[PDB]
Amino acid sequence: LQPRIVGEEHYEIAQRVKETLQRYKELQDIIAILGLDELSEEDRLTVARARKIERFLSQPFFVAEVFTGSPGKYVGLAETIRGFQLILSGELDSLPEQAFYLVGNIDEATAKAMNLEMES
Amino acid sequence: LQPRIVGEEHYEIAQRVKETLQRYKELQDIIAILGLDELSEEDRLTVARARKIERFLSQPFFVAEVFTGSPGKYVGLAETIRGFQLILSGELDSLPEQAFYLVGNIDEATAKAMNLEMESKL
Amino acid sequence: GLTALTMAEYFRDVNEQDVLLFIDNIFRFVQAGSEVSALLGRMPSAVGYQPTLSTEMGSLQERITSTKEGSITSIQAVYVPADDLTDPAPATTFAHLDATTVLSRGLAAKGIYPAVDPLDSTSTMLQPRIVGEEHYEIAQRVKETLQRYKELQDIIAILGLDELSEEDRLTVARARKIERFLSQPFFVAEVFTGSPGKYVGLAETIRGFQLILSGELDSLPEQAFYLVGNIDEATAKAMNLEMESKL
Amino acid sequence: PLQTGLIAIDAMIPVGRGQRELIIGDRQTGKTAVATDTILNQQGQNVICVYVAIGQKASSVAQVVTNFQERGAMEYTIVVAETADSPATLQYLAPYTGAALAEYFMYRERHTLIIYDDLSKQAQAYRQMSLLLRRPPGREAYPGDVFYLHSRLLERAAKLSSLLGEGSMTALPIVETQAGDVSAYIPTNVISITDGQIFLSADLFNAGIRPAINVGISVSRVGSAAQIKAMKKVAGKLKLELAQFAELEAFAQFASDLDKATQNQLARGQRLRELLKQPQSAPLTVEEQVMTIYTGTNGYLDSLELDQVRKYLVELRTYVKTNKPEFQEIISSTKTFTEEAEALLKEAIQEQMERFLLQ
Amino acid sequence: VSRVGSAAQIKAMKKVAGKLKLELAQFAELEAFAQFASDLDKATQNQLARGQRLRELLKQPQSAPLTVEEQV
Amino acid sequence: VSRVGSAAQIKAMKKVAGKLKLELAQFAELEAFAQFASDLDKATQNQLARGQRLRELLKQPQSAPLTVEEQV
Amino acid sequence: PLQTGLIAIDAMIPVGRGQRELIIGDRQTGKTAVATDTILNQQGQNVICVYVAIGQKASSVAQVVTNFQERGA
Amino acid sequence: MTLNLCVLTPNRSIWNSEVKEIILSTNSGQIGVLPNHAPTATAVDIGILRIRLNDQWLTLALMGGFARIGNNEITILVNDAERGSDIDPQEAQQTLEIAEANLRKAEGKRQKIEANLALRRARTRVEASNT
Amino acid sequence: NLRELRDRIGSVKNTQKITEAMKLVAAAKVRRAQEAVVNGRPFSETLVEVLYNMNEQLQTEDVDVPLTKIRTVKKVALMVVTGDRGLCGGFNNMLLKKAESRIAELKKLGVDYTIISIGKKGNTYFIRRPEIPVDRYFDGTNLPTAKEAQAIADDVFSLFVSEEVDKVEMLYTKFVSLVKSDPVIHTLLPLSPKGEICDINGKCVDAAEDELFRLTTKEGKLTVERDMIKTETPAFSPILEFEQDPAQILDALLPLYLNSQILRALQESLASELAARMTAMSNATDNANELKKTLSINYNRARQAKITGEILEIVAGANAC
Ligand SMILES: Nc1ncnc2c1ncn2[C@@H]1O[C@H](COP(=O)(O)OP(=O)(O)OP(=O)(O)O)[C@@H](O)[C@H]1O
Ligand SMILES: Nc1ncnc2c1ncn2[C@@H]1O[C@H](COP(=O)(O)OP(=O)(O)OP(=O)(O)O)[C@@H](O)[C@H]1O
Ligand SMILES: [Mg+2]
Ligand SMILES: [Mg+2]
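The deposited coordinates for this entry were obtained by cryo-EM, with a reported resolution of 3.15 Å.

Per the PDB entry, chain G goes by ATP synthase subunit alpha, chloroplastic and derives from Spinacia oleracea.

In the nomenclature of the PDB entry, chain D corresponds to ATP synthase subunit alpha, chloroplastic from the organism Spinacia oleracea. According to its UniProt record, chain D has this under Subunit: "F-type ATPases have 2 components, CF(1) - the catalytic core - and CF(0) - the membrane proton channel. CF(1) has five subunits: alpha(3), beta(3), gamma(1), delta(1), epsilon(1). CF(0) has four main subunits: a, b, b' and c."

Structure, rendered in structure tokens:
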């Protein structure tokens, strides 16, 4: 993970995922006791995006189809870089956080976000 | 550090400095969790003096001029006793906390605070 | 500990009696075996104890049993090192234990004797297939009443009794009556206090706390349950106080 | 009782004659001063003190004997001393030499106090010999005998029967812990061996609570059987009211936003801790301790600022010493806080509070 | 820690960065303390600004070194 | 966890207890923020009071197993 | 399947025949009970149970053997 | 034996002791009361309330509202009221000077509403400090 | 280093004791704000006894009082009652979430929202963004009196009696429950001659009907329940005389009635702040309990592993010689 190897588009977003998850790593002593309610406007936005990054990092596996029953998804790197471009640019801040859990593309996170918003 | 050896003027301020810094050591936990605004005005005052005592304990050395970047200072005991009597009494509550950082005398802390007021305007 | 135990199992096997054994305490049996093993040059086990700690304890504790002739029941004091219950000296002790009686410095300050904590004392025997359902149902109501009163002590210091709900006006008055009726006079304190002790059977205990929790005895004063044995002796102390107050 | 001259000990953690009590804390907390001021208190009592100093600097043994010779303490004191230059055999046998001298007077019907200036350095001096004698070690490289070292030492110090003459040997072993690690191997042994423990904390020594007794954690297994009847009456209220202040330590920042039933307890407990503060080598007589706890635990200090509670009690202790000497005869002879002396003490308070308010 | 200090520097760097170590160390104390107060005054709020600009000076890409000219 | 989850169970258990595993996935998240919300609507107050009695299915007495017909 | 009779295993953590399944917990949490009730359920099936009690209370093993006699296990 | 009287502010009731003689200002200007007074509902001005009981007579400034009277009972609803002795005497007249300049710098309707309403609140606050 | 691990437990054990006493200080303050409303209960009971009967006696279309006077809503003021201090729930945030949605709604209507901020947590939010019109900043207070309220009443009165601002509305947190109490918005001005008090949405309660909050207990916890109390309005005596005019008496009653809806809004926003804090200090002292337990377990693992590793270095050296 160096820009002369992975590319410059891949390297600048692998940094921004790790800068987000580091800042949320540091905030889990403040939100461990007081909770989310005392965080500032910026630190709550970093908590909100890093809580969505952590679930989109997860993935269903082909091998794990006998545990959960859900089918696995191969995710290409061109799909992976653009899926984290959308969380860090904030264009998917309106979606629920459970829409990002165990979906392959960011399109499946969009289609899952509909059903969580549709079903009443 | 007994009153039969150093007198009771040195000894009574050496206790009040250690009582102030012990009190601030107990509070660093809850000002980290709950902030400075939860303290009483008695506890915000002993916090603010222990900020200023801790800076004024610091000193530029003659040997540490290649680390501090500023010239060193020999400080007498009478200049030390006079200075901590002023931080504890509250006659220096208006100066900023960085005025006491790496000064020799308490006359150097106030004259540093005059430069920090002028450069604030500049 | 073994020497004491060998006397205890003569009364069990030969005289066919039921013995109490008392080890005060069982940690000093552990540390004395830890010291001998270190003097014998044994490579120590985890956390500094003897490598034979599971069997040195097991040799003493498996002789303490109920046979067909008699039984020996051992009530043995337990010291917890570093306030660590996962330490190998309590962890090997607590495996063999069957009940824990927590005595309380705070309950002795109130004046309750015996100062056994009702909420932190446990047993493996308080199961409804063992003690029966009538005893198991009542011991849970007493614990739930005393746990609710332990929660309400901050609310009574803020509101007072008149602002609590009517359901919770009772669970303070009943729990204050249970904390008194748990106390008891002893035969060994008849020289110390003068009041004669009471042996209270299991039959009169369950019938005692059934009356306090069913609310029949909500007319009695609080200080009619303090240092009484039976639940009949509770109403006797109360009717004395109604005859002592009128004078 | 063994009167140590400190209010925080002789009221709430009482040491009796024949009791092994442990003075324990971290370094530079005041462990020697608790032991030295106990020796300095029995100038009038006929106890014989043995001060055993294992492994100390020789300069601090000379300062203790200089402290003892000025205050007349060496007329009843033996100082056993093995400086840290000495071999480890002499440091191992130095409290056994001190305990053998204290058993001489105890069997000759005389009451004794013994202080071991650090049992920690004796255990390290027997660990030194044992590891050089190739004996197999245990926790912290100590042998298995280090409990049996100190239990063979401290059990020699107790109270004898009337068939032997009722000599006593009150052991006050001093043990130094490391960063407050009470669960360390040598503190774990001596806390098991000793009846009571006197926990000294450096977070109270820096805050001004001196002697820095942590009276909450400190216990005494003899209990109130040590105290005299005058002291049982008055220190029954000091224990409860410093326990009510211990539950309300979180509320001291919030004293205004509370009812008067709680706020008076915060006001009372902050003066009851001013009772406990004594300067070094100023032990109080038992009559002076009953005055100080009767005044504080019965509402007669609530009018004063905390700067003046120290100045008021010094002037009230010198008032009854001179103006009302009949109080001391009630407590020395009857040893009970009698209804006569409770009347005589209150007349001294309201005359001192009148003279202290004028000032 | 450097145990040689400004003897290991040229005169130009010693004139400029001679106090930069102890200024950022004292700033990093007060930035961590400035999260503990809600409304903080300007003499702190100026030093929180200058301290965060002195941190931004110090960041570099890998194997793109600055000459001592560019560093002063 | 179990490594052979669905391979072990019979087809009555694979069909019926599959809805059991997804309801406790729901009810684990619904017990969180239950007292935080405290205004339980019928899209939640049903699904919580369902989930409390799913635990009452799971309670068995000691030394009394249930047959596979009785479990399904 | 190997049926334990406990609904929480047999529906949600199901043990097959040939599987190593760990019963793990703190002291006095019903570990012997889950093992004992699994043995009691093998009455109809052609499954031979073997119960190894390593280092336990002899009173505790004698209760288990009597519970097996009482229930024909 | 007389009329009883209560003067109650939006958080605190000031007077609840029986008196014989009050004389309240109003939007008319002055009304004297003796017991057996016919029931009447008036509005009260932002001014003083002079009360004469048995021996000593004193004034409690009130900041305007509503005063109805019934069968020997006077309830007075007033949105702020201070006793004429419990105001310290000169200190109101400092606060009167803070209002007297503030109407000289009053401009626009809302500053001529707010100053002149608070001036009459302040000018009738000093007149209880002397009475 | 186990000393650093013992210091972490001793500070969390300190944090648990602080955040529990802050729960009981807040428990004393909501009860003291419960008492402060019942002290003002004889005033508003008697004011509604009057105001229901002056609208009964009046019966005249010629009577128009300028606090009941309806103009066209071209401008609208909004007084928002915030907290003074932090560490209280999502109290001040959900309030300014509701203030933003009312600023948003009046831009769809396009009718020039205006803010009056009360309290230090609103003074900050309103001053920080200067592209929002605010008339006056007010010092929020615990224990509000007629005097702090009178100043708020004056700004509200003088801004309305001149025709610059119509329909002074107000949003504040009614104290409904301890953990959840949503900020609901009321329309203070123009007062209704009836005295009915109603929310912006369009639900008006009869003013003889208002509910007190009484903090009590349910099964184990500390709950608050709002019991609705009806005050019966007696008949004004037939023989009764009026001093000035039924329009001139009513012009003095409505400043009393506007002062009372402000003071009751301050005291219900006060108890909501102090119970959001009691909820926050309850959750903080129970998170610090769950933390202190797993720090005591992780210490004992590191304590025991230190001793086991220390002796095995010593027993290795004792064999190697
Ligand atoms: N009650 C007291 N008031 C004020 N100062 C005290 C008091 N007791 C002791 N000190 C001072 O505290 C310092 C440390 O006390 P001491 O020498 O008794 O410590 P220690 O516990 O023996 O520590 P170490 O074993 O490391 O010497 C001494 O300089 C002593 O003068
Ligand atoms: N399913 C159940 N229903 C009712 N009671 C039960 C159940 N399971 C266990 N118990 C009771 O719980 C107690 C502890 O159970 P058990 O002894 O089986 O667990 P354990 O962890 O093996 O204990 P130990 O570790 O002490 O050997 C027993 O006394 C038993 O009577
Ligand atoms: Mg010493
Ligand atoms: Mg078992």
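A few words on the overall build of chain D. Secondary structure summary: chain D contains 14 helices and six strands in total. When its C-alpha atoms are laid out on the principal axes, chain D stretches across 70 × 50 × 40 Å. Evaluated residue by residue, chain D yields a buried proportion of 54% over its 359 residues. A separation of at least 24 residues holds for 75% of the contacts in chain D among residues at least 6 apart in sequence. Averaging the coordinates of the 36 positive side-chain charges in chain D and doing the same for the 40 negative ones gives two points 4 Å apart.

Right, let's talk about the sheet that holds strand β5 (residues 169–176) of chain D for a bit. All names here are of chain D. In spatial order, the strands read β3-β2-β4-β5-β1-β6; together these six strands make up an open sheet with parallel pairing. Of all the strands in the sheet, the pair left with one neighbour each is β3 (77–83) and β6 (196–200). Adjacent strand axes in the sheet meet at a mean angle of 15°, parallel and antiparallel pairs treated alike. Looking at chain direction, strand β2 (residues 48–56) and strand β4 (residues 112–117) are connected through six bridges and run parallel. By the bridge assignment, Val52 is partnered in β4 with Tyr116. On top of the sheet, helix α4 (residues 88–107) reaches β2, β3, β4 and β5; it is set at about 180° to β2, its chief contact.

Moving on: the pairing of strand β1 (residues 76–81) of chain I. Residues and elements named next belong to chain I. Among the six residues that make up β1, six are buried, leaving the element largely enclosed by the rest of the structure. Residues of β1 alternate between two faces, with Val76, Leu78 and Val80 on one and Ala77, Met79 and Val81 on the opposite face, all of them buried. Alignment of β1 against strand β2 (residues 113–118), held across six bridges, turns out to be parallel. Across the sheet, residue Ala77 finds its bridge partner in β2, namely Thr114. Considered for its hand, the β-α-β crossover made up of β1, helix α2 (residues 91–108) and β2 is right-handed.

A few words now on a nonpolar patch on the surface. All names here are of chain A. Where nonpolar side chains cluster on the molecular surface, the patch consists of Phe61, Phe62, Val63 and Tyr74 and spans about 550 Å² of accessible area. For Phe62, the position within the fold is in the loop between α4 (41–56) and α5 (77–89). Of the residues examined, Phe62 reaches a relative accessible area of 53% and is grouped as exposed.

Moving on, we come to the domain arrangement of chain D. How big an interface is tends to be stated in terms of accessible area lost as the parts join. Residues and elements named next belong to chain D. Domain annotation for chain D reports domain 1 (1–227) and domain 2 (228–359). On a C-alpha basis, the centroid separation for the pair domain 1 and domain 2 is 30 Å. Each partner contributes residues to the interface: domain 1 has 23 residues there, and domain 2 has 22 residues. Approximately 1,900 Å² of surface area, both sides summed, lies buried where domain 1 meets domain 2, with 61% of it carried by carbon and sulfur atoms. Of all residues in domain 1, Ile7, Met12 and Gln227 give up the largest surface area on contact with domain 2, accounting jointly for 34% of the area buried on that side. Counting across the domain 1 and domain 2 interface gives zero salt bridges. In this assembly, domain 1 and domain 2 are joined by six residue pairs in polar contact. Among the secondary structure elements, those contributing two or more residues to the side of domain 1 that touches domain 2 are α1 (7–10) and α2 (31–41). The element contributing the most residues to the side of domain 1 that touches domain 2 is α2, with four residues.

Here we take up the nonpolar core. Grouped together as the largest cluster of nonpolar side chains are 67 residues, with contacts concentrated most on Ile39(D), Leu238(D), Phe327(D) and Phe337(D). Once residues within four sequence positions are removed from consideration, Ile39(D) is found in contact with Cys49(D), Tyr51(D), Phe68(D), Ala73(D), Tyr76(D), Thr77(D), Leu113(D) and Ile115(D). Residues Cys6(H), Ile152(I), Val156(I) and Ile262(I) belong to the second largest nonpolar core, which totals 51 residues.

Across the contact, four residues belong to chain I and five residues belong to chain F. Counting the surface lost from both chain I and chain F, the interface buries some 340 Å², and carbon and sulfur atoms represent 55% of this. Inspection of the region where chain I meets chain F yields one salt bridge. Of the charged contacts, one joins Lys180(I) and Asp39(F) as a salt bridge, the two residues approaching to 3.8 Å between their closest N and O atoms. There are zero residue pairs in polar contact connecting chain I and chain F.

Before going further, it helps to spend a moment on the UniProt feature "binding site: ATP" in chain G. All names here are of chain G. Mapped onto this structure's residue numbering, the UniProt feature "binding site: ATP" falls at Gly25, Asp26, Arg27, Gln28, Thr29, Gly30, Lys31 and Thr32. The topology assignment puts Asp26 in the loop between α1 (7–12) and α2 (31–40). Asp26 gets classed as exposed once you look at its relative accessible area, which sits at 61%. If you trace the backbone, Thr32 turns up in helix α2. Beyond its immediate stretch of four places on either side in the chain, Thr32 contacts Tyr51 and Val64.

Let's shift gears to the pattern of salt bridges. Overall, the coordinates contain 66 salt bridges over all chains when judged by the stated rule. Ionic pairing is found between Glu97(B) and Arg51(B), a salt bridge with its closest N-O pair at 3.1 Å. In this pair, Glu97(B) sits in the loop between α4 (77–89) and α5 (106–121) while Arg51(B) sits in helix α2 (residues 41–57), placing the two residues 46 residues apart along the sequence. Given a relative accessible area of 3%, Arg51(B) falls into the buried group. If you follow the salt bridges from partner to partner, you end up with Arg51(B), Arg55(B), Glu97(B) and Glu29(E) in one network.

Glancing now at the arrangement of the chains. Interchain contacts are distributed over 15 pairs of chains, and the most extensive set of them lies between chains H and I. There is a clear gap between chain D and chain E: no contact, and 18 Å between their nearest C-alpha atoms.

This brings us to α4(D). Residue and element names in this part refer to chain D. Here α4 spans 29 Å end to end across 20 residues, near enough to the 28 Å set by a 1.5 Å rise per residue. The largest bend in α4 comes to about 35°, at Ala94, with the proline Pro95 one to four residues further on. Listed in full, the buried residues belonging to α4 are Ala88, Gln91, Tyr92, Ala94, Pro95, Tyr96, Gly98, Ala99, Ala102, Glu103 and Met106. Against β2, β3, β4, α5 (120–132), α6 (146–154) and β5 lie the buried residues of α4. A positive phi of about 70° marks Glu109, the residue just after α4.

Let's shift gears to the sheet that holds strand β3 (residues 134–138) of chain I. Strand pairing in a sheet is mediated by backbone hydrogen bonds. Such pairs are either parallel or antiparallel. Residues and elements named next belong to chain I. One open sheet holds the five strands; their spatial order is β3-β2-β1-β4-β5, and the pairing between them is mixed. Only two strands of the sheet have a single partner each, and these edge strands are β3 and β5 (183–187). Each neighbouring strand pair of the sheet contributes to a mean axis angle of 20°, computed without reference to strand direction. In this sheet, strand β4 (residues 169–173) lies alongside β1 in parallel orientation, the contact comprising three bridges. Paired with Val80 across the bridge in β4 is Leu171. Along the sheet, helix α5 (residues 246–320) contacts β1, β2 and β4; its crossing angle with β4, the most-contacted strand, is approximately 30°.

It is worth spelling out unusual backbone geometry at this point. The omega torsion across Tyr113(C) and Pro114(C) is 0°, close enough to zero to call that bond cis. You can see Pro114(C) is positioned in the loop between α5 (105–110) and β4 (122–123). Here the residue pair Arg210(D) and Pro211(D) is connected by a cis peptide bond, since its omega of 5° sits within 30 degrees of zero. A positive phi angle, close to 60°, is found at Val47(C), a residue other than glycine.

Rules of the game
Residues numbered from 1 in each chain as written, not as in the entry; some residues may be left out. Chains lettered and ligands numbered in written order. Part of a larger assembly, values for the part shown. Heavy atoms only, no water. UniProt positions renumbered as here; feature names shortened; annotations may be inferred. Helix = DSSP H or I, 4+ residues; strand = E, 2+ residues; numbered from the N terminus. Buried < 20%, exposed > 50% of the residue type's maximum accessible area, 1.4 Å probe, protein only. Contact = heavy atoms within 4.5 Å. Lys, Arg positive; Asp, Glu negative; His and termini not counted. Charge placed at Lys NZ, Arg CZ, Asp CG, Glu CD. Pairing = 2+ DSSP bridges. Axes fitted to C-alpha atoms, helices over the stretch in contact; angles between N-to-C directions. Right-handed = clockwise from strand over helix to strand, strands pointing away. Patch = residues over 30% accessible without salt bridge, like charges linked within 9 Å, V, L, I, M, F, W, Y side chains within 5 Å. Areas by Shrake-Rupley, 256 points an atom, 1.4 Å probe, with all protein chains shown as cover. Salt bridge = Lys/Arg side-chain N within 4 Å of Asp/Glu carboxyl O. Domains from an automatic or database assignment. Buried area = accessible area lost by both parts, 1.4 Å probe. Polar contact = N/O pair within 3.5 Å; in protein donor to acceptor, adjacent residues only side chain to side chain. Core = buried A, V, L, I, M, F, W, Y, C linked by side-chain atoms within 4.5 Å. Expected span 1.5 Å × (residues − 1). Bend = angle between axes of the 7 residues up to and from the residue.

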